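these are from a larger complex, still in place; more later:
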Amino acid sequence: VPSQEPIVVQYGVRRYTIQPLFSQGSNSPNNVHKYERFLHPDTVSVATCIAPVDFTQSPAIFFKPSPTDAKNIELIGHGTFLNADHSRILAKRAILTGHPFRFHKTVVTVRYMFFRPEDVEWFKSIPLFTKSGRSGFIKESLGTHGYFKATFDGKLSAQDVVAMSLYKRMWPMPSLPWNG
């Protein structure tokens, strides 16, 4: 189920059609999260929403409000009322693209990266990092149909991702009390 959608949350028994924001339920040291749009089919998810709060850590049941099966519920998923916290904060990621057009040594001519000239020139303040993690900064670029000129650990290939950074922050969504 896509995870920007109203799911009827129970944390315990009572029902509210809340509009959550699921994020990855990994072991988080810094307690800093994501605005992950949608779901992952196995692991733990961490919702983020506004609810009118019943503060006793229940096994949460999230479902769809219909008498679909012989159960009068469509059970979407069980989990844990983790907390109610303001400083449990989000950061949506980006991964941009770099498709290396050749096999160079130091300066890699990358195309399929930047079309427009004011999208070439003004967007030269973005940190260059490879999908392998080779961080760095843009020193030049000229490409039109978008190049660069930087210095990384080794060499690059046409199946690599010379990514760039947009780490943006969307904002959460409130509940809806469903009783019927």
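Ah, there it is. Residues are numbered from 1 along each chain as shown, chains lettered A, B, ... in the order given.

what's in contact with stretch A:165-178?
A:4, A:6, A:8-9, A:15-21, A:35, A:48-52, A:65, A:90-94, A:96, A:126-127, A:129 (C-beta atoms under 8 Å, 6 or more residues apart in numbering). Bear in mind the C-beta positions are built from the backbone N, C-alpha and C, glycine included.

can you do 6 Å?
Residues from elsewhere that reach stretch A:165-178 (C-beta atoms under 6 Å, 6 or more residues apart in numbering): A:8, A:15-19, A:21, A:35, A:48-51, A:65, A:91-92, A:94, A:127.

Which positions within it qualify as buried?
For stretch A:165-178, a neighbour-count test (16 or more other C-beta atoms under 10 Å) marks residue A:175 as buried.

That one spans what distance, first to last residue?
With C-alpha to C-alpha, to the nearest Å as the measure, stretch A:165-178 spans 40 Å from end to end.

and if you look at stretch A:39-53?
Stretch A:39-53 end-to-end distance (C-alpha to C-alpha) = 24 Å.

what's next to it, contact-wise?
For stretch A:39-53, using C-beta under 6 Å, 6+ apart, the contacting residues are A:1, A:3, A:16, A:18-23, A:25, A:84, A:172, A:174-175.

Need those in a markdown table (columns: distance to residue A:108).
Formatted as a markdown table, those follow (distance: C-beta to C-beta, whole Å):
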| residue | distance to residue A:108 |
| --- | --- |
| A:1 | 41 |
| A:3 | 37 |
| A:16 | 52 |
| A:18 | 47 |
| A:19 | 44 |
| A:20 | 42 |
| A:21 | 37 |
| A:22 | 37 |
| A:23 | 34 |
| A:25 | 37 |
| A:84 | 48 |
| A:172 | 40 |
| A:174 | 47 |
| A:175 | 49 |
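
which of those tops the neighbour count?
residue A:22 (26 neighbours; other C-beta atoms under 10 Å).

contacting residues for that one?
Counted by C-beta under 6 Å, 6+ apart, residue A:22 has contacts A:3, A:39, A:45, A:47.

Please spell out which residue in chain A sits farthest from the middle.
For chain A, the residue at maximal distance from the C-alpha centroid (C-alpha atoms, centre = their mean) is residue A:70, at 35.8 Å.

Another chain to add, chain B:
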Amino acid sequence: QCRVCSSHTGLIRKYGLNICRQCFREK
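Time to bring in chain B:
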């Protein structure tokens, strides 16, 4: 070069001998 190296710097087209300026004291 003569096939026992990957020699890419100081290349030679002069006089067919394929021995570098850096290879008068090697080759």
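
what do you get for the contacts of stretch A:165-178 once chain B is counted?
A:8, A:15-19, A:21, A:35, A:48-51, A:65, A:91-92, A:94, A:127 (C-beta atoms under 6 Å, 6 or more residues apart in numbering or on different chains).

ChimeraX command for the buried members of these?
To isolate the buried members of the contacts of stretch A:165-178 in ChimeraX, using 16 or more other C-beta atoms under 10 Å in any protein chain shown:
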select /A:8,15,16,18,19,21,35,48,49,51,65,92
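
Just give me the residue right at the centre of chain A.
Judging by C-alpha atoms, centre = their mean, chain A has its centre closest to residue A:36, at 3.2 Å.

gap between that residue and residue A:102?
Distance, residue A:36 to residue A:102, by C-beta to C-beta, to the nearest Å: 35 Å.

swap in residue A:140?
16 Å.

Now for residue A:8: which residues touch it?
A:15, A:17, A:63, A:65, A:178.

so which of these would you say is closest to residue A:117?
residue A:17 (47.6 Å; C-beta to C-beta).

Show the backbone phi and psi for that closest one.
With angles defined as degrees, to the nearest 10, residue A:17 sits at phi -80, psi 80.

For it, give its distance to residue A:65.
Taken as C-beta to C-beta, the span from residue A:17 to residue A:65 is 7 Å.

same question, residue A:119
The value you get for residue A:119 to residue A:65, if C-beta to C-beta is used, is 45 Å.

What of residue A:136?
51 Å.

go on, residue A:127?
Distance of residue A:127 to residue A:65, computed by C-beta to C-beta: 45 Å.

For the closest residue to the residue nearest to the centre of chain A other than its chain neighbours, what are phi and psi?
In space, and not counting its chain neighbours, residue A:36 is closest to residue A:23: 4.7 Å by C-beta to C-beta, 6 or more residues apart in numbering or on different chains. When read as degrees, to the nearest 10, the backbone of residue A:23 gives phi -140, psi 160.

again, but for residue A:127
phi -70, psi 120.

if I look at it, how far off is residue A:139?
For residue A:127, the distance to residue A:139 - C-beta to C-beta - is 12 Å.

Kindly report the same for residue B:22.
Where residue A:139 is concerned, residue B:22 sits at a distance of 31 Å (C-beta to C-beta).

Show the contacting residues for residue A:139.
By C-beta under 6 Å, 6+ apart, the contact set of residue A:139 is A:149, A:150.

what does the one 4 residues further on give?
Under the criterion of C-beta under 6 Å, 6+ apart, the neighbours of residue A:143 are residue A:111.

add one more, call it chain C:
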Amino acid sequence: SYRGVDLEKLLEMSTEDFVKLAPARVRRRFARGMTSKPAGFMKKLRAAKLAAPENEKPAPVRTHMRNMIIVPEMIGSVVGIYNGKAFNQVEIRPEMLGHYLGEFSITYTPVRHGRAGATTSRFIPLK
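One more chain to add, chain C, which I have set with the ones above:
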């Protein structure tokens, strides 16, 4: 205006004659051989004055070299000329005399010696 001497003498000259009075680095060009590359240019010129609002502005017909010499005869037509990529619109007049069409070029985003702002884009921000 070509020399100051009579204008009904000078305008339709080819690559032959006065340069045999001129010195041999620009005599071993213009008094050897006409190089008739502007001869079928007249045949496209004679249509580049017909269907205009006349005497004023014809169309920017493109031309992509750097050692080709235009002759003044053709008062009232427009040709777009090589500047490295694009085609500078020239209303062709007797106001260019034996100098290159491909001299219309200073091809750089300008040399930053007074405002060095693109040099600031190559330096090191550092973690």
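
since we added chain C, can you redo the contacts of stretch A:165-178?
Looking at stretch A:165-178 with C-beta under 6 Å, 6+ apart, the contacting residues turn out to be A:8, A:15-19, A:21, A:35, A:48-51, A:65, A:91-92, A:94, A:127.

likewise stretch C:54-66?
Taking C-beta under 6 Å, 6+ apart as the rule, stretch C:54-66 contacts C:48, C:52, C:76-82, C:87, C:89, C:100, C:102.

now with 10 Å?
With C-beta atoms under 10 Å, 6 or more residues apart in numbering or on different chains as the test, stretch C:54-66 has contacts from C:37, C:41, C:44-45, C:47-52, C:70, C:75-92, C:100-105.

Sitting in helices, which of those residues do you find?
Assigned to helices by DSSP state H, the following of those qualify: C:41, C:44, C:45.

Surely the first one and residue C:71 touch.
Meaning residue C:41. Yes - counting by C-beta atoms under 10 Å, residue C:41 does reach residue C:71; the two are 9.3 Å apart.

Phi, psi for residue 16 please.
Just going to use chain A. According to degrees, to the nearest 10, residue A:16 has phi -150, psi 130.

meant chain C actually
phi -130, psi -60.

try the one 4 residues further on
With angles defined as degrees, to the nearest 10, residue C:20 sits at phi -70, psi -10.

For burial, what's the neighbour tally of it?
Look at residue C:20: counted by other C-beta atoms under 10 Å in any protein chain shown, it has 11 neighbours.

Repeat that for the one 10 residues further on.
Burial of residue C:30, expressed as a neighbour count using other C-beta under 10 Å, amounts to 19.

Contact residues of chain C facing chain A?
Proximity of chain C to chain A, by C-beta under 10 Å from any C-beta of the partner chain, involves residues C:109, C:118, C:121, C:122, C:123, C:124, C:125, C:126, C:127.

For the closest residue to residue A:103 other than its chain neighbours, which residues are in contact?
Nearest residue to residue A:103 in three dimensions, chain neighbours excluded: residue A:157, at 6.6 Å (C-beta to C-beta, 6+ apart). Residues near residue A:157 by C-beta under 10 Å, 6+ apart: A:99, A:100, A:102, A:103, A:108.

rewinding a little: between the residues of chain C next to chain A, which sits nearest residue C:12?
Ranked by distance to residue C:12 (C-beta to C-beta), the residues of chain C next to chain A are led by residue C:109 at 41.2 Å.

Help me confirm that residue A:112 comes into contact with residue A:99.
Yes - when contacts are counted by C-beta under 10 Å, residue A:112 is listed as touching residue A:99 (4.3 Å).
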